[PDB]
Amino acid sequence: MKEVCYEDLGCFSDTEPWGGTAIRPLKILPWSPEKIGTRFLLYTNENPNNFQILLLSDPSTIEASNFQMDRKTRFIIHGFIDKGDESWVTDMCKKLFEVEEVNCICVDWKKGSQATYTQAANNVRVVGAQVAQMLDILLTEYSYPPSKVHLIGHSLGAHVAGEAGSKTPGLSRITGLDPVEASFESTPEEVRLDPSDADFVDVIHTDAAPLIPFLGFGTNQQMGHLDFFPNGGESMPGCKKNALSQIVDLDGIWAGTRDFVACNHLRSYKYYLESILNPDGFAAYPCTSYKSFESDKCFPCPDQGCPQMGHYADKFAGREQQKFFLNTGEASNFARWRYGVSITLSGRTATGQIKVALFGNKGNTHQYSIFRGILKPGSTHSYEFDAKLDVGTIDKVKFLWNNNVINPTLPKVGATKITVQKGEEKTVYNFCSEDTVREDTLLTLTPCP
């Protein structure tokens, strides 16, 4: 039925798949560039704290700025912004300056996102068009190719990045940080982020439960070459859950007039932030499901290795669409390292919990529980746990068993053998002992002869 056209951006109609569909019933036209007020704010290593404005209307502003033609460029695009953390975008720039020389462009479209939800969702079309226009200006006027460019889009910004990429042949990367479900999940490739929008698309899922009734803002749909579901993708450690409701006031939530626990939705960028300075902190394991992963079915890493979730995901060698699982901490440091162990019991039959700690040249882990029940000699129990550090080369391990019941005859349990497997290392470590220990007492095992 209807169409609106904007200088240099083309036309936008309120037709399917944009409007009048089951997923997007309302026929909506995007707001004008003038009403959206998109700004391109450049930060560089040399101007890390204060921005330089880049203008679509005046391409020579690029030349005037400290934009470097021999550095890579990352655009960082917001979506939902929580009242108490407006500066994550510029925090991300500063984190990148710690590891690399880069042009950091923060795309501010707040006025465009300050709408009803469904208006904001359509306004994505124009903002994406604008980012694409910037990439064309760089290519044509500055001979600066989109192969040097990475779009990082959070929330609604993920689909803005998607739109930019679809109009930009040769764009090297998009990261979608918890792309939103509402008005995008299950829509055609045109409408949303999808793997064709760049050469490499990686997506982090952190609030992926259905919007109704669970209030998960993110999507569970695979939208990248690599889709990561830390902690299962739906509920993050350290984050409070939203209350279940058959009524969702999207307009209210998006406006900030109605209560919403944004934690899960925000974690996607928090994990990304941390990954920049922890290039091995977020190894992720290919698996069919989180349940399978937690059942110790998807460990260790395949022959070609595990991808890192986050900044170093583009380093990953063995790439159709692949689903990856991992666990993170509940707070900073979020980084974790997964280990798998098998303990072969010795001594006498008892009842309790068996724990192990790993000791290496880089440090040692806390004690992790492996099994709790009847402890019979000769039996093997195996388990996988996510520890807070890479211990390096493991020199020794400590075993302990405990229960919470009085055992009058003071039984002793040991381990004849403990095998340890690190996620990313091919070598298994074997530790041995002839000894047994009293309850709640550390037995040290050294390498097997």
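Note that residue numbering begins at 1 and tracks the sequence as displayed.
Residues of the deposited sequence left unbuilt between residue 292 and residue 291
Per the deposited record, the segment joining residue 291 and residue 292 has no missing residues.
Identify the stretch, either 147-155 or 247-255, whose C-alpha atoms have the larger mean B-factor according to the entry.
Looking at the record's C-alpha B-factors, the answer is 247-255.
Mind pulling up the entry and telling me whether 199-207 or 86-94 has the higher mean Cα temperature factor?
Here the higher of the two C-alpha B-factor means belongs to 86-94.
Out of 368, 282, 316, 229, residue topping the C-alpha B-factor column of the entry
The C-alpha B-factor peaks, among 368, 282, 316, 229, at 316.
Just the C-alpha B-factor column, please: which of 174, 126, 309, 115 has the biggest number?
Comparing C-alpha B-factors across 174, 126, 309, 115, the maximum falls on 115.
Which third of the chain does residue 362 land in by C-alpha B-factor: lowest, middle or highest?
Its C-alpha B-factor, which the entry lists for residue 362, ranks in the highest third among residues of this chain.
Can you work out whether the C-alpha temperature factor of residue 299 puts it in the lowest, middle or highest third of the chain?
For residue 299, whose C-alpha B-factor we compare with every modelled residue in the chain, the answer is the middle third.
Which third, lowest, middle or highest, does the CA B-factor of residue 188 fall in along this chain?
Its C-alpha B-factor belongs to the middle third of this chain's values.
Would you mind ranking residue 214 by its C-alpha B-factor against the rest of the chain and naming the third, lowest, middle or highest?
Residue 214: CA B-factor falls in the highest third of its chain.
Could you place residue 39 in the lowest, middle or highest third of its chain by Cα temperature factor, using the values in the record?
Middle third - that is where residue 39 ends up once the chain's C-alpha B-factors are sorted.
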